[PDB]
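Please read the structure below before turning to the comments.
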Amino acid sequence: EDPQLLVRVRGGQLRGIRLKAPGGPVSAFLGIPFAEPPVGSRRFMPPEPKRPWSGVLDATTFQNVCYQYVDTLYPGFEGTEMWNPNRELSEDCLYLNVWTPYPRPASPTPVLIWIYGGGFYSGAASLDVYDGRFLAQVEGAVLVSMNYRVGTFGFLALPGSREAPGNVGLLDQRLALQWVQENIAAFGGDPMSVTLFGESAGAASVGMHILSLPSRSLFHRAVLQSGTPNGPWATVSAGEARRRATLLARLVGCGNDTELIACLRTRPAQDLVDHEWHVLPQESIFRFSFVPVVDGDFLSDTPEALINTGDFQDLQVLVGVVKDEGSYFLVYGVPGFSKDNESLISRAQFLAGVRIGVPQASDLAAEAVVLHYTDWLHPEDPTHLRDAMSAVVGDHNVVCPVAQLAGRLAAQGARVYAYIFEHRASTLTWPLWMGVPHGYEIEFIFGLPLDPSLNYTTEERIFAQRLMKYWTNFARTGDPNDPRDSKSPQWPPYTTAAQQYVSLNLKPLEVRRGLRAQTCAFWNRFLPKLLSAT
Amino acid sequence: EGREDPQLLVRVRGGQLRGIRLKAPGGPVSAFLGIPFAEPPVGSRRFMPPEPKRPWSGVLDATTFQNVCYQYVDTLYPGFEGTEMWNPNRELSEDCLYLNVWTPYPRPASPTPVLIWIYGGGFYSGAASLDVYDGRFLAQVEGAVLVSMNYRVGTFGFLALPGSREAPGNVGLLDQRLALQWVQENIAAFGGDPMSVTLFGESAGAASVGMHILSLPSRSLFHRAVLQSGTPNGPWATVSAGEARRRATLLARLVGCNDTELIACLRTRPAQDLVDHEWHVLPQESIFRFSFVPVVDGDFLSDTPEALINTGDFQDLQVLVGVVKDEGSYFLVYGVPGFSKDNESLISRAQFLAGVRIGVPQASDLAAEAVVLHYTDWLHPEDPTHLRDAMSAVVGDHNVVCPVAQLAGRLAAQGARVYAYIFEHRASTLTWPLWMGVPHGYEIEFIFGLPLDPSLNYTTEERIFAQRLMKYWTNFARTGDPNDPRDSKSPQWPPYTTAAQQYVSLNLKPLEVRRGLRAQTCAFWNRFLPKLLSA
Ligand SMILES: CCN(CC)CCNS(=O)(=O)c1ccc(Oc2c(Cl)cccc2[N+](=O)[O-])cc1
Ligand SMILES: CCN(CC)CCNS(=O)(=O)c1ccc(Oc2c(Cl)cccc2[N+](=O)[O-])cc1
Ligand SMILES: *[C@@H]1O[C@H](CO)[C@@H](O)[C@H](O)[C@H]1NC(C)=O
Ligand SMILES: *[C@@H]1O[C@H](CO)[C@@H](O)[C@H](O)[C@H]1NC(C)=O
Ligand SMILES: *[C@H]1O[C@H](CO)[C@@H](O)[C@H](O)[C@H]1NC(C)=O
Ligand SMILES: *[C@H]1O[C@H](CO)[C@@H](O)[C@H](O)[C@H]1NC(C)=O
C-alpha cells in the first residue's frame, strides 16, 4: 500500500495509481466522482455534489465518457478516431482526473485545469492527447480534467423552465472547479493559483467562466486555444434553444414545459443522439445543435455584450489559433472536399460552400464574402479556391472571434498574450492540404512527443518542451516568459495599439503585428452592419 | 503671294491657309494654328450641334492660337504655376471652334500616321493651345502629324434638355466628331494619312475618346485609341437624361429662366452668367464631379457606357490605356477639408470619414462605411499619413484606376488588343508638394516631349525618358503596337489580357511588367459596390 497513492478528500478516501512517464513516475487519480450521477430524473438538470462514500474509492482507472454522438465519416482512421470516446458511454459520467508528481509536491503547486472541446456534443477527459502525466512529471504541475455533459444531456434547454434551465454542462464544469478549490490542497495543489485551459468548445467554456461571475472566484488565469465564447457557434439565444428542444421532442415522439421534458426523460440515450443533428436551422458546418444558451443566468447577456462592456482589470489570458483553423471541417459537409484527395474545387463549389460555411449569411453577405476571399489575380484557380474556402471557415468561426476577444480584453484592462501555432505534426495523418488543422497543437502542449514510442522527431520533442514551459510559466505567473532566462526572444503582451502576437513553430519565437487585421475588420466590423441591413 | 515661305501655304476644303515655321530643339516644324472647322456656335446657335465652317475668301492667317471656349477659370491658387498651366491662355469666347495642326518641316513625302489630341478638364474647361499640349516636339522628333481641336465645354457644350431640338446635349462631343471628319477630308493636304488616325486624350479627353469608340458614327473616323487617366464608364463622365434635365432646369432658374421658351431665354444670357452658376447645380457636395458632361441620350450614346462596354464587340480594335500613380491627390485640395498644397495634409480619422462622403458623393451610409473599412489600415487606423494617402487613393480608385481596370478588362475579354501602363515618374520640375506624388495629368508633358525643350530645366534622364514615351505612343499610332519592331533586346510590353492581367510600369527605369491592375481593391468597386448600392 503506497502512501503516495492514498489521498483523503472531503468525500472520503481515494486510491490512485503510480504511472510511468519517460522521466519518472507520476501519481494519477482517475475517475474521481464530483457529482451525483445525473441520470433518471436528474437528466437535463443542474449537477448536485457527490455524497460522501465509505472505505477507499478505487481511482486508478478512467471512468465512462458522457453519452455522445460517435463520429462515422472515416471508420477506423486514426485522424478521426483519436477524438472518439476511448471508454464506455454513460449518462453516469461526472468524474474528474488528477495528475500530480510522484512524490506529491511538498510546496503548494500551481494547478492547470483542462476543459476538452468537441462542439459541446462530444469529448472526454480520457483521450490520449489529454494525458496529464507529461506536464506533471516534467513541469511538476498539478493537472486536472473533468468530464461534463455534452449534447442534449448537457445543453438542451427550455429556457425559463425549472427542469431543463440549460447550461447544465457548464454547471458540471463549475462544480468540478469548486471541487478543486475544496480538495486540491490535499494533492499538493495550490487552490489560490488555478489556471483554466481549453481548446475549441473548451476554450469557449473557459471563456464563459470568465463571463459568469460565480465562476470567477474559482480560477485566476485562463488559456483559450482556438475557441471563444463570442462568435457564431458557441451560444444560442433563448428563443433558438427553445425551438430546437421543441423540435427534438417532436422527432422522438414527445404544464406543457414539464410534460415535454418528462417524456424526454423516458427516452433511451441513443434515441436523443439519433436526432441530435436534425434540429439545425440550415445546412451548415461548424454549427452544433446543443450549445450554451443566453439564459440571463449563467450568461446574463450575449458574450459580445459581455466582453464589450466587462471590466477585466485583474485578468491574465493566453489566446491563440492554429494555422489552418477551417480545413478539418470542410470534409464534413462541403461538396468537393475529402481527406483522400487534394480537394481542388471549381468556382461553383466555392460559392456553394460559402453558403454552408456561413449558413447565416444573406445572399448579399455571402456575395461580400466570396468577393473578399477570391484572389482576383487567380479567380478560377482550384488550389486558391480550396485554400480560401478553408480560410473562410477558420476566420468566421475561430480567428476573427479570437481577434475580437483579444482586442476587447486588452482594451479593458486584461493582460493578453496571443499566438499562432504553425507547426504541422510529422505524425499527422490528414493530407497535406489541410495544413495545421483545428486541434493539432494539443498533442504538443500536453507533452506527447516526449514519449519515444510515438516516433516524433527530436526537434518536435524539443519544441513540445518549449510549449509546456510557456503554458506552465503562464500558469505560475500569468506570463509565458521564462522569468530568469535571457536569450530566446521575449513574448510581448497583445495590445490594441500594437496588436503583437507570436508564431509557435520550430524556429525561435517571432513577433508579428495584427492578427488578420484587415480580414477580421471585415468580419468583426463590416458584416454585422450588413446582415443587420436585411 | 510672292515673297512668303512656299512650305507654309496650304489649301483645305474651306479655303487657303498660311501657317508658321516654328523652331523646335531638333529643327523646324510647320504649324497651322486657329483653323476654323465649324460655324461659330454663337447667338441662336448656342447649345446647338455644330454646323460645318462655310468657305472663306483669301488666305486665312493660321499663325496664332484662336479663342478658348468659354469656361470657368480656376481661382484656388492665384498665380501658382501648378494650376495656371491648366488655365486658358487665349481670350475666352463662344466663337472658339478652331483646330491646330503641326507637321514636319518640310511636310512629309509619304502619308504619315496622324495623332489627334482631345484635351481633358472635366468637360468644363481645357484648350488645345496650352503649352503642355505643344505638338511641335512630336512632329519634329517622330515625324508625326498632330491635330488638336477646341470643343465646347460646360453649359455651351453639354447643357441638355434631352429630347428637345434646341438643346439635345452632347454638342461638345459633336464638335469633336466634326473635327474628326475635317481631318478625314483635309489632313492629306498636310501630308497626313487619313486611313491611319489615332485618338489620344487625358482625363475628360480620354473619356471623350471612349465615347467615340462607343458611338457608331465616330467609328469610321479613327483606327486606334489611347485613354490616359479617364474612361467613358465610371462615376463622373456621364449623367442620365433625367439628371441632365434637372441640372439644366435648375441652372435656368438660377439665371432667371415648354423647353423652347426655357432654352430661348438662356440664349439671351451673357456667357459669364451661365459660367458663374455652373457649379451650383451639383446634387451633393463633391469632388471629381462636374455639372455638365455627356448625357445618355440614346442617340450619341445609345445606352450607358457600362452597358455598351459590357456587351460590345471589339475585334480589331487597338487601345492603349493607363493611369498615373496618384490619380486622386490633385482633387483633395479642391474640396476635402484638411487638404492643402501648402502643408503636409495630415488628416484625422474624422476628416477621413467626412472626406469619404465627399469623394464618394453617391454612396449611402453603408456603402461609405464599406469604403472606410476597406481603406482603413487596421494596424494603424488613426495614422494621419496613412489616412491622407488613403483619401487620395479612395478618390483616385473610384474615379479613374477602377474605371480604367473595368474598361481594360471588358475590352480585352471582348476581342480588343489592349495595352496598359501605370505612369510612376514624378517630374523634377513639379510645383505641387511631395505628398501629392505623381498627380493626375502630369504624364502629359512627357508624352508631348516638353523635356526636350532646353529652357525648361528638366534632367537628361527626363529627356531620354520623354523620348522613350514618344516612341511608345507613336509606335502604337503607326502599328497598333507600342513596341519598337527592331528593338527586341529591350524589354517588351505585353498586351493586357483577362488571363494574365499584365501591364507595364513607366518610369526612369526600363519597362517592368506587373500583373493585376489594383486587382483586389477594384473587385470592391467594380463587383461589390454596385450590388450594395442597389439595396
Ligand atoms: C475537439 C477537437 N477537434 C479537433 C479536430 C476534434 C473534433 N471536434 S470539433 O472540432 O468540434 C468538430 C469537427 C468536425 C465536425 O464536423 C461535423 C460532424 Cl462530425 C457532424 C456534424 C456536423 C459537423 N459540422 O461541422 O458541420 C464537428 C465538430
Ligand atoms: C485636365 C488636366 N487636369 C490635371 C490636374 C487639370 C484640371 N482639370 S481636372 O483635373 O479635370 C480637375 C481637377 C480638380 C478640380 O477641382 C475642382 C475645381 Cl478646380 C473647381 C470646382 C470644383 C472642383 N471639384 O473637383 O470639386 C476640377 C477639375
Ligand atoms: C514507431 O512508433 C510506432 C507507433 O506509432 C511503433 O509501433 C513502432 O514500433 C515504432 N518504430 C517502428 C517504425 O517500428
Ligand atoms: C531654368 O534655370 C535658370 C537658371 O539656370 C532660371 O533662370 C530659369 O528661370 C529656369 N527656367 C524655368 C522655367 O524654371
Ligand atoms: C475527392 O474529391 C473529388 C472532387 O475534387 C470528388 O470526386 C470526391 O468526392 C472526393 N473523394 C471521393 C473518392 O469520394
Ligand atoms: C493644412 O494644415 C492642416 C493639415 O495639416 C489642415 O487642417 C488645414 O486645413 C490646412 N491649412 C490650410 C491653409 O488650409
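Here Swiss-Prot sets the residue numbers for chain A, with the shown residues being 35-288, 295-574 in order.
This entry, so its header tells us, was determined using X-ray crystallography, 2.5 Å.
Every residue, even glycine, has its Cβ placed from backbone N, Cα and C.
According to Swiss-Prot, the protein has these features:
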DISULFID  A:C100-A:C127  disulfide bond
ACT_SITE  A:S234  active site, acyl-ester intermediate
DISULFID  A:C288-A:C303  disulfide bond
CARBOHYD  A:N296  N-linked glycosylation site
ACT_SITE  A:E365  active site, charge relay system
CARBOHYD  A:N381  N-linked glycosylation site
DISULFID  A:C440-A:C560  disulfide bond
ACT_SITE  A:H478  active site, charge relay system
CARBOHYD  A:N495  N-linked glycosylation site
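Separation across the 6-residue hole in the deposited chain, A:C288 to A:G295, is 14 Å (Cα atoms). Counting neighbouring Cβ atoms within 10 Å of each of the disulfide-bonded residues (A:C440, A:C560), the lowest count belongs to A:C560. Ligand 1 lies under 6 Å from the Cβ of the following recorded positions, listed in sequence order from A:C100, A:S234, A:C288, A:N381, A:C440, A:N495: A:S234.
Among the recorded positions A:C127, A:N296, A:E365, A:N381, the ones whose Cβ sits under 6 Å from an atom of ligand 5 are, in sequence order, A:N381. A:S234 (active site, acyl-ester intermediate) and A:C127 (disulfide bond) are 21 Å apart (CA-CA, integer value).
One residue stands out among the recorded positions A:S234, A:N296, A:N381, A:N495 for having the most other Cβ atoms within 10 Å of its Cβ: A:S234. Shown are the disulfide-bonded residues A:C100, A:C127, A:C288; of these, the residue with the fewest other Cβ atoms within 10 Å is A:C288. Distance from the CA of A:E365 (active site, charge relay system) to the CA of A:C100 (disulfide bond) is 26 Å. Taking all protein chains in view, 12 other C-beta atoms sit within 10 angstroms of the C-beta of A:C303 (disulfide bond). Taking A:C440, A:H478, A:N495, A:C560 as the recorded positions under consideration, the smallest Cα distance to the residue listed as 'active site, acyl-ester intermediate' is found for A:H478. Close contacts with ligand 3, defined as a Cβ under 6 Å from any of its atoms, occur at A:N495 among the recorded positions A:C100, A:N495, A:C560. In this structure, of the active-site residues A:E365, A:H478, the smallest number of CB atoms within 10 A of the CB marks A:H478.
The shortest Cα-Cα distance between A:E365 (active site, charge relay system) and any of the recorded positions A:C288, A:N381, A:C440, A:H478, A:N495 is the one to A:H478.
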